[PDB]
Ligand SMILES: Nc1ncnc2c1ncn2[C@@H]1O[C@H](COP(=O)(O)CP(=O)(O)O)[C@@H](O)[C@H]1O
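Only one chain comes next, encoded as structure tokens, the form solved without the ligand.
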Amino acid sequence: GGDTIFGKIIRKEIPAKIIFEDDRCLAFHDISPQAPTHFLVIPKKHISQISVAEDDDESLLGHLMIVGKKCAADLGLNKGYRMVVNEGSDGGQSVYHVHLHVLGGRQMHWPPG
């Protein structure tokens, strides 16, 4: 699903530390973790960035957050966590395939970058 490294992960062409999968998304740990728990939830649909998401993608985007919530509980994050979507250059977006970050296991600080 796409011409990025996240497409290769979805297609199982390269290994990843997969947490959860269903028919429309994939959750895996970030290869460059910024917290004791740091994982990504990505749609299998190649949406390059949140700014081009369509109105019909609404439930899919919410699905990423519900999956992230459920994964966080099953990774032991009962003291809280932070969810992040980066858009474009100012947002620090690293891969042009929409992805939800979930970070926890330490105190997250303010501002969020």
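Numbers follow the displayed sequence, beginning with 1.
- Higher mean CA temperature factor, per the PDB entry, when comparing 35 to 43 with 56 to 64: 56 to 64.
- Looking at 26 to 34 and 73 to 81 together, the entry lists the larger mean B-factor for 73 to 81, computed on C-alpha atoms.
Keep in mind the form deposited with the ligand bound is missing from the figure; the text below concerns it.
- Transferred by C-alpha superposition from where it sits in the deposited complex, the ligand brings 3 or more atoms within 2.4 Å of the backbone or C-beta atoms, leaving the site blocked.
- Of the listed positions (52, 73, 31, 66), a single one reaches within 4.5 angstroms of the ligand by any non-hydrogen atom in the deposited complex, namely 31.
- Although the partner is absent here, residue 26 sits far enough away that none of its heavy atoms falls within 4.5 Å of the ligand in the deposited complex.
- Using a 4.5 Å cutoff between non-hydrogen atoms, residue 47 does not count as a contact of the ligand in the deposited complex.
- Taking the partner from the other structure, the ligand in the deposited complex has a heavy atom within 4.5 Å of a heavy atom of residue 86.
- Residues 40, 93 and 101 are all found to lie within 4.5 Å of the ligand in the deposited complex, as judged by heavy atom distances.
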